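Source file: run24.pdb. Holds: PDB, C-alpha atoms.
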ATOM      1  CA  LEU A2132      72.309  93.719 134.686
ATOM      2  CA  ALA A2133      71.216  97.321 135.109
ATOM      3  CA  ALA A2134      74.369  97.995 137.119
ATOM      4  CA  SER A2135      76.492  96.352 134.443
ATOM      5  CA  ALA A2136      74.850  98.313 131.641
ATOM      6  CA  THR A2137      75.206 101.498 133.648
ATOM      7  CA  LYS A2138      78.927 100.940 133.972
ATOM      8  CA  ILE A2139      79.071 100.141 130.256
ATOM      9  CA  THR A2140      77.384 103.389 129.308
ATOM     10  CA  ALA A2141      79.622 105.244 131.748
ATOM     11  CA  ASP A2142      82.621 103.779 129.948
ATOM     12  CA  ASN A2143      81.091 104.824 126.641
ATOM     13  CA  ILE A2144      80.726 108.420 127.805
ATOM     14  CA  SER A2145      84.247 108.365 129.238
ATOM     15  CA  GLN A2146      85.611 107.122 125.931
ATOM     16  CA  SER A2147      83.892 109.799 123.903
ATOM     17  CA  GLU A2148      85.086 112.439 126.345
ATOM     18  CA  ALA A2149      88.652 111.204 126.081
ATOM     19  CA  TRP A2150      88.356 111.569 122.332
ATOM     20  CA  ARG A2151      86.952 115.067 122.681
ATOM     21  CA  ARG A2152      89.837 116.111 124.906
ATOM     22  CA  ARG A2153      92.140 114.559 122.338
ATOM     23  CA  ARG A2154      90.609 116.689 119.623
ATOM     24  CA  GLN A2155      91.038 119.751 121.810
ATOM     25  CA  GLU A2156      94.718 118.991 122.265
ATOM     26  CA  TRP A2157      94.917 118.581 118.512
ATOM     27  CA  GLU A2158      93.259 121.928 117.919
ATOM     28  CA  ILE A2159      95.783 123.520 120.249
ATOM     29  CA  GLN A2160      98.642 121.865 118.387
ATOM     30  CA  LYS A2161      97.204 122.911 115.042
ATOM     31  CA  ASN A2162      97.014 126.493 116.228
ATOM     32  CA  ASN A2163     100.581 126.301 117.519
ATOM     33  CA  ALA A2164     101.841 125.206 114.135
ATOM     34  CA  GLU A2165      99.530 127.568 112.269
ATOM     35  CA  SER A2166     100.873 130.544 114.198
ATOM     36  CA  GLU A2167     104.419 129.310 113.828
ATOM     37  CA  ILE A2168     103.832 129.458 110.079
ATOM     38  CA  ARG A2169     102.786 133.090 110.324
ATOM     39  CA  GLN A2170     105.807 133.813 112.473
ATOM     40  CA  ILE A2171     108.129 132.155 109.971
ATOM     41  CA  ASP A2172     106.557 134.090 107.121
ATOM     42  CA  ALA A2173     107.054 137.373 108.949
ATOM     43  CA  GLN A2174     110.595 136.161 109.529
ATOM     44  CA  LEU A2175     111.083 135.591 105.808
ATOM     45  CA  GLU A2176     109.795 139.106 105.192
ATOM     46  CA  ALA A2177     112.272 140.528 107.677
ATOM     47  CA  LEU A2178     114.955 138.590 105.834
ATOM     48  CA  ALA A2179     113.862 139.990 102.473
TER      49      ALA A2179
ATOM     50  CA  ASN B1018      68.923 131.974 131.909
ATOM     51  CA  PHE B1019      69.444 129.058 134.296
ATOM     52  CA  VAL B1020      67.248 126.323 132.842
ATOM     53  CA  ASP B1021      69.445 123.574 131.508
ATOM     54  CA  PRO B1022      67.525 121.408 129.039
ATOM     55  CA  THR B1023      69.486 118.327 130.062
ATOM     56  CA  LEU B1024      69.659 118.471 133.865
ATOM     57  CA  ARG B1025      66.343 119.117 135.599
ATOM     58  CA  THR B1026      65.141 118.461 139.113
ATOM     59  CA  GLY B1027      62.631 115.670 139.325
ATOM     60  CA  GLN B1028      63.811 114.207 136.037
ATOM     61  CA  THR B1029      62.421 110.703 135.726
ATOM     62  CA  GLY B1030      64.641 107.660 135.524
ATOM     63  CA  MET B1031      63.508 107.190 131.943
ATOM     64  CA  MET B1032      64.811 110.584 130.912
ATOM     65  CA  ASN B1033      67.951 109.951 132.920
ATOM     66  CA  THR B1034      68.723 106.746 131.046
ATOM     67  CA  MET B1035      67.973 108.389 127.732
ATOM     68  CA  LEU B1036      70.359 111.264 128.434
ATOM     69  CA  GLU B1037      72.873 108.643 129.504
ATOM     70  CA  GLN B1038      72.593 107.030 126.093
ATOM     71  CA  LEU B1039      72.784 110.295 124.181
ATOM     72  CA  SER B1040      75.881 111.358 126.105
ATOM     73  CA  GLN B1041      78.327 110.024 123.538
ATOM     74  CA  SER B1042      79.674 112.043 120.630
ATOM     75  CA  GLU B1043      78.327 110.075 117.663
ATOM     76  CA  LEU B1044      74.612 110.868 117.650
ATOM     77  CA  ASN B1045      73.531 109.519 114.303
ATOM     78  CA  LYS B1046      69.890 108.857 113.494
ATOM     79  CA  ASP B1047      70.276 105.216 114.451
ATOM     80  CA  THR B1048      71.339 105.835 118.053
ATOM     81  CA  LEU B1049      69.024 108.828 118.237
ATOM     82  CA  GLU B1050      66.074 106.605 117.345
ATOM     83  CA  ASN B1051      67.125 103.617 119.420
ATOM     84  CA  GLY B1052      67.315 105.860 122.456
ATOM     85  CA  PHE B1053      63.845 107.161 121.755
ATOM     86  CA  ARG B1054      62.341 103.725 121.219
ATOM     87  CA  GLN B1055      63.790 102.644 124.535
ATOM     88  CA  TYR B1056      62.557 105.750 126.293
ATOM     89  CA  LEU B1057      59.187 105.063 124.742
ATOM     90  CA  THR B1058      59.120 101.489 125.992
ATOM     91  CA  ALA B1059      59.771 102.675 129.532
ATOM     92  CA  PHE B1060      57.214 105.444 129.097
ATOM     93  CA  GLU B1061      54.602 102.988 127.879
ATOM     94  CA  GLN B1062      55.181 100.835 130.928
ATOM     95  CA  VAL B1063      54.837 103.711 133.382
ATOM     96  CA  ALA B1064      51.741 104.938 131.578
ATOM     97  CA  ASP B1065      49.957 101.586 131.679
ATOM     98  CA  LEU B1066      50.043 101.447 135.486
TER      99      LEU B1066
ATOM    100  CA  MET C2035     133.480 140.135 100.151
ATOM    101  CA  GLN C2036     130.169 141.919  99.770
ATOM    102  CA  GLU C2037     128.976 139.221  97.366
ATOM    103  CA  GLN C2038     129.779 136.580  99.971
ATOM    104  CA  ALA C2039     127.956 138.594 102.610
ATOM    105  CA  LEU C2040     125.018 138.605 100.203
ATOM    106  CA  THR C2041     124.944 134.916  99.322
ATOM    107  CA  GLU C2042     124.929 134.271 103.048
ATOM    108  CA  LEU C2043     121.451 135.785 102.954
ATOM    109  CA  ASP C2044     120.394 133.392 100.210
ATOM    110  CA  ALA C2045     121.534 130.694 102.630
ATOM    111  CA  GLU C2046     119.588 132.142 105.560
ATOM    112  CA  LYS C2047     116.530 132.108 103.326
ATOM    113  CA  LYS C2048     117.025 128.400 102.763
ATOM    114  CA  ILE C2049     117.216 127.805 106.514
ATOM    115  CA  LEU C2050     113.992 129.721 107.018
ATOM    116  CA  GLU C2051     112.329 127.927 104.128
ATOM    117  CA  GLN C2052     113.070 124.569 105.688
ATOM    118  CA  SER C2053     111.561 125.887 108.912
ATOM    119  CA  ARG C2054     108.529 127.027 106.935
ATOM    120  CA  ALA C2055     108.157 123.653 105.255
ATOM    121  CA  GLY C2056     108.415 121.796 108.541
ATOM    122  CA  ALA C2057     105.774 123.957 110.166
ATOM    123  CA  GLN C2058     103.525 123.654 107.128
ATOM    124  CA  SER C2059     103.795 119.884 107.269
ATOM    125  CA  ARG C2060     102.811 120.027 110.931
ATOM    126  CA  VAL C2061      99.793 122.185 110.152
ATOM    127  CA  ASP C2062      98.803 119.795 107.388
ATOM    128  CA  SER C2063      99.035 116.836 109.773
ATOM    129  CA  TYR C2064      97.159 118.370 112.664
ATOM    130  CA  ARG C2065      94.464 119.801 110.416
ATOM    131  CA  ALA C2066      93.796 116.329 109.086
ATOM    132  CA  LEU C2067      93.703 114.940 112.607
ATOM    133  CA  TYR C2068      91.430 117.664 113.939
ATOM    134  CA  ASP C2069      89.158 117.474 110.896
ATOM    135  CA  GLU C2070      88.666 113.728 110.925
ATOM    136  CA  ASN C2071      87.413 114.144 114.452
ATOM    137  CA  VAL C2072      86.683 110.531 115.339
ATOM    138  CA  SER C2073      87.488 107.790 112.886
ATOM    139  CA  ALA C2074      84.816 105.746 111.198
ATOM    140  CA  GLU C2075      85.744 103.014 113.672
ATOM    141  CA  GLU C2076      85.830 105.082 116.810
ATOM    142  CA  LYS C2077      82.178 105.763 116.065
ATOM    143  CA  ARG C2078      81.725 102.039 115.599
ATOM    144  CA  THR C2079      83.091 101.511 119.090
ATOM    145  CA  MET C2080      80.566 103.921 120.559
ATOM    146  CA  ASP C2081      77.708 102.236 118.742
ATOM    147  CA  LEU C2082      79.020  98.936 120.088
TER     148      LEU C2082
ATOM    149  CA  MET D2035     120.311 152.813 103.990
ATOM    150  CA  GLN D2036     119.199 154.091 107.369
ATOM    151  CA  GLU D2037     115.566 153.924 106.253
ATOM    152  CA  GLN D2038     116.046 150.279 105.317
ATOM    153  CA  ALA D2039     117.691 149.611 108.662
ATOM    154  CA  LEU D2040     114.597 151.181 110.206
ATOM    155  CA  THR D2041     111.934 149.301 108.266
ATOM    156  CA  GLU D2042     113.739 146.147 109.307
ATOM    157  CA  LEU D2043     112.546 147.020 112.801
ATOM    158  CA  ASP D2044     108.964 147.319 111.593
ATOM    159  CA  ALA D2045     109.500 143.790 110.290
ATOM    160  CA  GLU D2046     110.921 142.516 113.579
ATOM    161  CA  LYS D2047     107.833 143.922 115.262
ATOM    162  CA  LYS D2048     105.672 141.834 112.962
ATOM    163  CA  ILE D2049     107.641 138.709 113.868
ATOM    164  CA  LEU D2050     107.174 139.438 117.552
ATOM    165  CA  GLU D2051     103.499 140.211 117.059
ATOM    166  CA  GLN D2052     102.924 136.834 115.473
ATOM    167  CA  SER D2053     104.695 135.285 118.452
ATOM    168  CA  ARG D2054     102.443 137.305 120.742
ATOM    169  CA  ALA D2055      99.319 136.204 118.905
ATOM    170  CA  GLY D2056     100.332 132.560 119.012
ATOM    171  CA  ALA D2057     100.998 132.679 122.732
ATOM    172  CA  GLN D2058      97.751 134.538 123.345
ATOM    173  CA  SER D2059      95.837 131.881 121.451
ATOM    174  CA  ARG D2060      97.497 129.248 123.621
ATOM    175  CA  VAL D2061      96.535 131.091 126.791
ATOM    176  CA  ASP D2062      92.982 131.408 125.522
ATOM    177  CA  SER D2063      92.825 127.668 124.827
ATOM    178  CA  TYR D2064      94.313 126.486 128.086
ATOM    179  CA  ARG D2065      92.263 128.924 130.138
ATOM    180  CA  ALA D2066      89.118 127.482 128.621
ATOM    181  CA  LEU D2067      90.335 123.963 129.313
ATOM    182  CA  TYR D2068      91.360 124.704 132.886
ATOM    183  CA  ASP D2069      88.161 126.642 133.569
ATOM    184  CA  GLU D2070      85.758 124.032 132.267
ATOM    185  CA  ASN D2071      87.340 121.666 134.731
ATOM    186  CA  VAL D2072      85.377 118.510 133.989
ATOM    187  CA  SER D2073      82.840 118.479 131.208
ATOM    188  CA  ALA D2074      79.147 118.140 131.850
ATOM    189  CA  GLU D2075      79.571 114.536 130.722
ATOM    190  CA  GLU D2076      82.639 113.666 132.714
ATOM    191  CA  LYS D2077      80.489 114.435 135.737
ATOM    192  CA  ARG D2078      77.831 112.204 134.237
ATOM    193  CA  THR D2079      80.360 109.390 134.123
ATOM    194  CA  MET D2080      81.143 109.799 137.805
ATOM    195  CA  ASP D2081      77.471 109.787 138.719
ATOM    196  CA  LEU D2082      77.132 106.643 136.619
TER     197      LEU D2082
END

Show me this structure written as structure tokens.
Amino acid sequence: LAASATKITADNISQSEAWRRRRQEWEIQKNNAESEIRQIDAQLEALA
Amino acid sequence: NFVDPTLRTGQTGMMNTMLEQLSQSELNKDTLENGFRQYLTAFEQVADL
Amino acid sequence: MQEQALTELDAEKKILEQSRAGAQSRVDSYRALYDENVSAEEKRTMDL
Amino acid sequence: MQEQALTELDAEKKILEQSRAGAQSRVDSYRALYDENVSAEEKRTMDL
């Protein structure tokens, strides 16, 4: 039972870490799009 | 500069299993107290020896 | 022909504004994702 | 009209600088990811 519960808590930690890496990917994507907005605004200024 | 409050040499099995159970991301007061009650049960047992 | 050459710029601005709106929608989506870090139920899974 | 044709270049530079800043943010993010190879907790999962 200790071995089973140890694997269960390992899976719990692995799950939370997968979600943290997911949020890091999301932060990278949000920065991509957030900088693309600035680039498109500078592009609109060049067009003006 | 090098002391890590989580990983320590000679860390007891009790502290190991508590760090195990605090190693998730959602540390609300409920899990944070359940972990401590369980640590305290193990501590009580090793202190009664 | 100069007036045509100048409405072509009002068309380029529309192209760039659709780009801007697409990127702003992406920022809005990824900000919501990154802000709601783990759902109310992903925390329920960890407690479970 | 030459001065306008020459401030348009100061606008193109702003476009390219936003591109540069976006790419530099991406490098900063992925370097951190690739450097922190496995988290302190992903190692905890393997020990578990």

Q: Compile the residues of chain C that lie within 9 Å of chain B, evaluated using all atoms listed in the file, and express the compilation as a PyMOL selection string.
A: chain C and resi 2072+2077-2078+2080-2081

Write to file, as a PDB file, in the frame of the given file, the residues of the selection just made, with C-alpha atoms.
ATOM      1  CA  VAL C2072      86.683 110.531 115.339  1.00  0.00           C
ATOM      2  CA  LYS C2077      82.178 105.763 116.065  1.00  0.00           C
ATOM      3  CA  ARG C2078      81.725 102.039 115.599  1.00  0.00           C
ATOM      4  CA  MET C2080      80.566 103.921 120.559  1.00  0.00           C
ATOM      5  CA  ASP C2081      77.708 102.236 118.742  1.00  0.00           C
TER       6      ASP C2081
END

(Q) Could you tell me, as a list in words, exactly which residues end up selected when the PyMOL selection byres ((chain A) within 7 of (chain D)) is applied to this structure? (A) residues 2137, 2138, 2141, 2144, 2145, 2148, 2159, 2163, 2166, 2169, 2170, 2173, 2174, 2176 and 2177 of chain A

Please check the contacts: residues of chain A at most 7 Å away from chain B, using only C-alpha atoms, listed as a CSV table (one decimal) with C-alpha atoms, in the frame of the given file.
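As written to disk, result-v1.csv reads:
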chain,number,residue,atom,x,y,z
A,2140,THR,CA,77.4,103.4,129.3
A,2143,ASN,CA,81.1,104.8,126.6
A,2144,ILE,CA,80.7,108.4,127.8
A,2147,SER,CA,83.9,109.8,123.9

Q | Separation of atom CA of residue 2068 of chain C from atom CA of residue 2158 of chain A in Å | A | 6.1 Å

Q. Once the PyMOL selection byres ((chain B and resi 1055) around 12) has been applied to the shown file, what residues remain in the selection, as a PyMOL selection string?
A. chain B and resi 1031-1039+1048-1054+1056-1062

Coordinates of box centre and edge lengths for segment 2041-2049 of chain C, 4 Å on every side, axis-aligned, as lines of an AutoDock Vina configuration file:
center_x = 120.7
center_y = 131.8
center_z = 102.9
size_x = 16.4
size_y = 16.0
size_z = 15.2

Q | Atom-to-atom span, atom CA of residue 2071 of chain C and atom CA of residue 2151 of chain A, Å | A |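 Separating atom CA of residue 2071 of chain C from atom CA of residue 2151 of chain A is a distance of 8.3 Å.
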
Q) Interatomic distance between atom CA of residue 2157 of chain A and atom CA of residue 2065 of chain C? A) 8.2 Å

Q | Protein, DNA and RNA residues within 6 Å of (98.8, 124.1, 111.2), only C-alpha atoms, as JSON, numbers by chain | A | {"A": [2161, 2162, 2164, 2165], "C": [2060, 2061, 2062]}

Could segment 2043-2075 of chain C be completed with N, CA and C atoms and written as a PDB file, in the frame of the given file, please?
ATOM      1  N   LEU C2043     122.879 135.575 102.773  1.00  0.00           N
ATOM      2  CA  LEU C2043     121.451 135.785 102.954  1.00  0.00           C
ATOM      3  C   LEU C2043     120.630 134.798 102.144  1.00  0.00           C
ATOM      4  N   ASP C2044     121.079 134.444 100.945  1.00  0.00           N
ATOM      5  CA  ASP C2044     120.394 133.392 100.210  1.00  0.00           C
ATOM      6  C   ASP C2044     120.504 132.052 100.910  1.00  0.00           C
ATOM      7  N   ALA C2045     121.484 131.892 101.796  1.00  0.00           N
ATOM      8  CA  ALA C2045     121.534 130.694 102.630  1.00  0.00           C
ATOM      9  C   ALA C2045     120.602 130.790 103.833  1.00  0.00           C
ATOM     10  N   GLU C2046     120.544 131.954 104.475  1.00  0.00           N
ATOM     11  CA  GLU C2046     119.588 132.142 105.560  1.00  0.00           C
ATOM     12  C   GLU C2046     118.165 131.925 105.082  1.00  0.00           C
ATOM     13  N   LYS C2047     117.865 132.337 103.856  1.00  0.00           N
ATOM     14  CA  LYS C2047     116.530 132.108 103.326  1.00  0.00           C
ATOM     15  C   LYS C2047     116.245 130.628 103.189  1.00  0.00           C
ATOM     16  N   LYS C2048     117.252 129.833 102.854  1.00  0.00           N
ATOM     17  CA  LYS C2048     117.025 128.400 102.763  1.00  0.00           C
ATOM     18  C   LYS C2048     116.770 127.798 104.135  1.00  0.00           C
ATOM     19  N   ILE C2049     117.508 128.247 105.149  1.00  0.00           N
ATOM     20  CA  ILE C2049     117.216 127.805 106.514  1.00  0.00           C
ATOM     21  C   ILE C2049     115.766 128.100 106.866  1.00  0.00           C
ATOM     22  N   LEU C2050     115.345 129.340 106.647  1.00  0.00           N
ATOM     23  CA  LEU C2050     113.992 129.721 107.018  1.00  0.00           C
ATOM     24  C   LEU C2050     112.954 129.015 106.170  1.00  0.00           C
ATOM     25  N   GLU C2051     113.289 128.649 104.942  1.00  0.00           N
ATOM     26  CA  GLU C2051     112.329 127.927 104.128  1.00  0.00           C
ATOM     27  C   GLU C2051     112.175 126.495 104.591  1.00  0.00           C
ATOM     28  N   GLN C2052     113.243 125.880 105.079  1.00  0.00           N
ATOM     29  CA  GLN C2052     113.070 124.569 105.688  1.00  0.00           C
ATOM     30  C   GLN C2052     112.245 124.657 106.960  1.00  0.00           C
ATOM     31  N   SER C2053     112.445 125.698 107.765  1.00  0.00           N
ATOM     32  CA  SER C2053     111.561 125.887 108.912  1.00  0.00           C
ATOM     33  C   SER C2053     110.113 126.024 108.468  1.00  0.00           C
ATOM     34  N   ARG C2054     109.875 126.826 107.439  1.00  0.00           N
ATOM     35  CA  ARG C2054     108.529 127.027 106.935  1.00  0.00           C
ATOM     36  C   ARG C2054     107.922 125.723 106.463  1.00  0.00           C
ATOM     37  N   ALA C2055     108.702 124.898 105.775  1.00  0.00           N
ATOM     38  CA  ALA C2055     108.157 123.653 105.255  1.00  0.00           C
ATOM     39  C   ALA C2055     107.860 122.679 106.375  1.00  0.00           C
ATOM     40  N   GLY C2056     108.716 122.628 107.390  1.00  0.00           N
ATOM     41  CA  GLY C2056     108.415 121.796 108.541  1.00  0.00           C
ATOM     42  C   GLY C2056     107.136 122.213 109.234  1.00  0.00           C
ATOM     43  N   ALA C2057     106.984 123.505 109.500  1.00  0.00           N
ATOM     44  CA  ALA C2057     105.774 123.957 110.166  1.00  0.00           C
ATOM     45  C   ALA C2057     104.546 123.744 109.300  1.00  0.00           C
ATOM     46  N   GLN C2058     104.674 123.888 107.987  1.00  0.00           N
ATOM     47  CA  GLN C2058     103.525 123.654 107.128  1.00  0.00           C
ATOM     48  C   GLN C2058     103.148 122.187 107.101  1.00  0.00           C
ATOM     49  N   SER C2059     104.125 121.292 107.153  1.00  0.00           N
ATOM     50  CA  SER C2059     103.795 119.884 107.269  1.00  0.00           C
ATOM     51  C   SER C2059     103.080 119.597 108.579  1.00  0.00           C
ATOM     52  N   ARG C2060     103.502 120.240 109.664  1.00  0.00           N
ATOM     53  CA  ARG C2060     102.811 120.027 110.931  1.00  0.00           C
ATOM     54  C   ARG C2060     101.378 120.526 110.875  1.00  0.00           C
ATOM     55  N   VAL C2061     101.157 121.694 110.281  1.00  0.00           N
ATOM     56  CA  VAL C2061      99.793 122.185 110.152  1.00  0.00           C
ATOM     57  C   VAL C2061      98.972 121.228 109.316  1.00  0.00           C
ATOM     58  N   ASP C2062      99.529 120.740 108.216  1.00  0.00           N
ATOM     59  CA  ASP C2062      98.803 119.795 107.388  1.00  0.00           C
ATOM     60  C   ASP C2062      98.438 118.534 108.144  1.00  0.00           C
ATOM     61  N   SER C2063      99.318 118.050 109.019  1.00  0.00           N
ATOM     62  CA  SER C2063      99.035 116.836 109.773  1.00  0.00           C
ATOM     63  C   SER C2063      97.966 117.070 110.820  1.00  0.00           C
ATOM     64  N   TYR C2064      98.122 118.115 111.614  1.00  0.00           N
ATOM     65  CA  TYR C2064      97.159 118.370 112.664  1.00  0.00           C
ATOM     66  C   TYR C2064      95.817 118.821 112.136  1.00  0.00           C
ATOM     67  N   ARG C2065      95.761 119.490 110.991  1.00  0.00           N
ATOM     68  CA  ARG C2065      94.464 119.801 110.416  1.00  0.00           C
ATOM     69  C   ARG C2065      93.741 118.536 110.029  1.00  0.00           C
ATOM     70  N   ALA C2066      94.443 117.581 109.435  1.00  0.00           N
ATOM     71  CA  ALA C2066      93.796 116.329 109.086  1.00  0.00           C
ATOM     72  C   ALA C2066      93.306 115.610 110.322  1.00  0.00           C
ATOM     73  N   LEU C2067      94.129 115.564 111.363  1.00  0.00           N
ATOM     74  CA  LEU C2067      93.703 114.940 112.607  1.00  0.00           C
ATOM     75  C   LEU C2067      92.477 115.626 113.181  1.00  0.00           C
ATOM     76  N   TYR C2068      92.523 116.941 113.322  1.00  0.00           N
ATOM     77  CA  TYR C2068      91.430 117.664 113.939  1.00  0.00           C
ATOM     78  C   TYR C2068      90.182 117.649 113.077  1.00  0.00           C
ATOM     79  N   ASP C2069      90.323 117.474 111.768  1.00  0.00           N
ATOM     80  CA  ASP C2069      89.158 117.474 110.896  1.00  0.00           C
ATOM     81  C   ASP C2069      88.472 116.121 110.896  1.00  0.00           C
ATOM     82  N   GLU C2070      89.228 115.052 110.707  1.00  0.00           N
ATOM     83  CA  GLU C2070      88.666 113.728 110.925  1.00  0.00           C
ATOM     84  C   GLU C2070      88.585 113.576 112.433  1.00  0.00           C
ATOM     85  N   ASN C2071      87.481 114.029 113.006  1.00  0.00           N
ATOM     86  CA  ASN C2071      87.413 114.144 114.452  1.00  0.00           C
ATOM     87  C   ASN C2071      87.562 112.782 115.098  1.00  0.00           C
ATOM     88  N   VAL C2072      86.579 111.916 114.917  1.00  0.00           N
ATOM     89  CA  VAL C2072      86.683 110.531 115.339  1.00  0.00           C
ATOM     90  C   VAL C2072      86.606 109.675 114.092  1.00  0.00           C
ATOM     91  N   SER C2073      87.417 108.631 114.059  1.00  0.00           N
ATOM     92  CA  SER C2073      87.488 107.790 112.886  1.00  0.00           C
ATOM     93  C   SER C2073      86.134 107.165 112.613  1.00  0.00           C
ATOM     94  N   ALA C2074      86.020 106.506 111.468  1.00  0.00           N
ATOM     95  CA  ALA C2074      84.816 105.746 111.198  1.00  0.00           C
ATOM     96  C   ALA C2074      84.654 104.605 112.170  1.00  0.00           C
ATOM     97  N   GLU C2075      85.746 104.147 112.768  1.00  0.00           N
ATOM     98  CA  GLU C2075      85.744 103.014 113.672  1.00  0.00           C
ATOM     99  C   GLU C2075      85.626 103.408 115.120  1.00  0.00           C
TER     100      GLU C2075
END
